[PDB]
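only geometry, no sequence info:
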């Protein structure tokens, strides 16, 4: 009986890995980029101040 | 009459501009910077730091530890079914 339910869970993880995991990869990437870009920007900003 | 002495008194141009404040920050900060970081944490071979190394890397958003970790709980209670049945 419960092996049908486990089959459903397997299908559920299949849909998640098909659709969501690349989307969440892209999402995570996007934010990571933004944080990093801000961070490196700040580094640039103080380098300007040294020259000033 | 003799020229006054303002041009040669500089010690209030040492706080006089704003980048003096920034300077005293980054003479400390960048001087105490390392070439590369101390370490990022990725592995340490405690045999589950290896789990982190394969799965929970900085760039691994891959769903594999989730799947593995999920399957672990499935293995747990399924045995407990046979402990109660």
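Alright, I've got the coordinates. Numbering: from 1, shown residues only, chains lettered A, B, ... in the order given.

what about the longest helix in chain A?
When chain A is parsed with DSSP state H, its longest helix is helix A:21-51.

and that one, how far out from the chain's middle?
Computed by CA atoms, centre = their mean, to the nearest Å, the separation of helix A:21-51 from the middle of its chain amounts to 13 Å.

same question, stretch B:35-51
Averaging C-alpha positions (CA atoms, centre = their mean) puts stretch B:35-51 13 Å from its chain's average.

ok, residues contacting that stretch?
Residues outside stretch B:35-51 that contact it (CB atoms under 8 Å, 6 or more residues apart in numbering or on different chains): B:52-53, B:57-58, B:65. For every residue, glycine as well, the C-beta is placed using N, CA and C.

I'd like these written out as a markdown table, with neighbour count, distance to chain A and secondary structure added.
Converted to a markdown table, those look like this (neighbours: other CB atoms under 10 Å in any protein chain shown; distance: CB to the nearest CB, whole Å; DSSP: H, G, I helix; E, B strand; the rest coil):
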| residue | neighbour count | distance to chain A | secondary structure |
| --- | --- | --- | --- |
| B:52 | 16 | 17 | helix |
| B:53 | 15 | 18 | helix |
| B:57 | 13 | 12 | coil |
| B:58 | 9 | 9 | coil |
| B:65 | 14 | 12 | helix |
